[PDB]
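Given as structure tokens, the chain that follows is alone and in the form deposited in one PDB entry.
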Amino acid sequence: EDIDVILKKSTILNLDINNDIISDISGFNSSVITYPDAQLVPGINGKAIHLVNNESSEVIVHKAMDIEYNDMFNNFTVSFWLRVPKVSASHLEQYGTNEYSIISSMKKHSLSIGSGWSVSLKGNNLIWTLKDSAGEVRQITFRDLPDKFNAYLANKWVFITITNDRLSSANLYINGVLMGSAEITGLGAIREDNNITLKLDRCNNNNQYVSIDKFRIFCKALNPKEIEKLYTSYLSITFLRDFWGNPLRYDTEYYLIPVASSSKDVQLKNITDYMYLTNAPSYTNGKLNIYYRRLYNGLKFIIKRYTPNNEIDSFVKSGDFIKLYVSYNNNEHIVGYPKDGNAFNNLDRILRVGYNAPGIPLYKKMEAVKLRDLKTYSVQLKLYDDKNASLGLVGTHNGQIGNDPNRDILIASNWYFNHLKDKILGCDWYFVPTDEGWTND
């Protein structure tokens, strides 16, 4: 059939956030009780649920009387956007074995041993548990990647999809990719609690917090194609996104990292001069089997509206014309390309920071766009002159300026426009803002 129709008709619960209110929009109108400390934060498309570690931080969904899908052997799928901060080395050793659930249909503290199902976290493990009324439990334990820059439980919004085919297996996917599975054939009736609880339960780390968005449940075990569609469907090209998957913002400091060479940071030669790539320092921990390129080194960039048009908003949308500045010595210097400014083969125009030569035009009108790699939280920057001509997309060129060492220098080139289909390009940028969800060990 139509994947879109199937996806829609199979939805039996779909939490949305409108006007700061969390409710079910599936149609069965499952009642939603939002406790005092359930906070709201930027989500994948609108706002999202943010949970902290205290009794008042929870959201309870009272399943409608028409929704009891976990019937004798009946299939269901759970999907949602998840964001958990990078567990620090100390906390990993500290609370690494502390399994705490974050979403459950189980009713602990009364009876019905382990009720139905749950989504729990243990150190850097994402766990799915299914338990029937006769004891029987099944699980999928996902062990995240060592490299936290590319891990899934390390401060980036990620799409979780767990399908349950009671006639075969249960499968866990992340951003549409299968990453764990378990047989679940032969389970008895799952008699869970009438409430689905969104809450950090049994977590000993008082500082722990997670973020959940678009929590949804389907009455069928989604297949790879439907999952793949559900996933990409949430990616609205409208607003741009920063490294963590949050909406990109104006007048906010961002460190830039080129997707095509993620181990690199951006440095400035001298004010009025060019920028270039640098190897970022690393953090490695063999005992905890954790490692990642550190963040927050290099130049701080700041996006500003070229001309404060129609609205005093702070969200950057694709197509917005902007001005780029780098903060060096507390002062903000504009980023651009001077007329007839030095360039590599008159193609790759070398960018400059704080260029201020008298009588020389400095082209700095830029457009923030999203022209490719929909799944990656990356942005492209298009530079124009003053006569609406494209001076190219911001990227890098590996050359030598004067007698300086051979470097990967930031430039503006139109060559990019003829390779937008490539996997890895060079004009793709990560905008990294300092976040409490990630501090270098």
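In this text, the rigid core denotes the largest set of C-alpha atoms whose superposition between the two forms falls within 1.5 Å. The numbering used is simple: start at 1 and walk along the sequence shown.
We do not show the form deposited in another entry, though everything after this point is about it.
Undergrad: Can you tell which residue in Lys108, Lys304, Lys365, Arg191 has its CA shifted by 2 Å or more between the shown form and the other one when the core is superposed?
TA: It is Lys108; the other listed residues stay below 2 Å.
Undergrad: Does superposing the core leave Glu68 with a CA shift of 2 Å or more between the shown form and the other one?
TA: Yes, the C-alpha moves 2 Å or more.
Undergrad: Would you mind telling me if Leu111 and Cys203 are closer or farther apart in that other deposited form than in the shown form, C-alpha to C-alpha, with a 3 Å or larger change?
TA: Result: farther.
Undergrad: Where do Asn74 and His109 end up in that other deposited form, Cα atoms closer or farther than shown, with a change of 3 Å or more?
TA: Here the pair is farther apart than in that other deposited form; there, closer.
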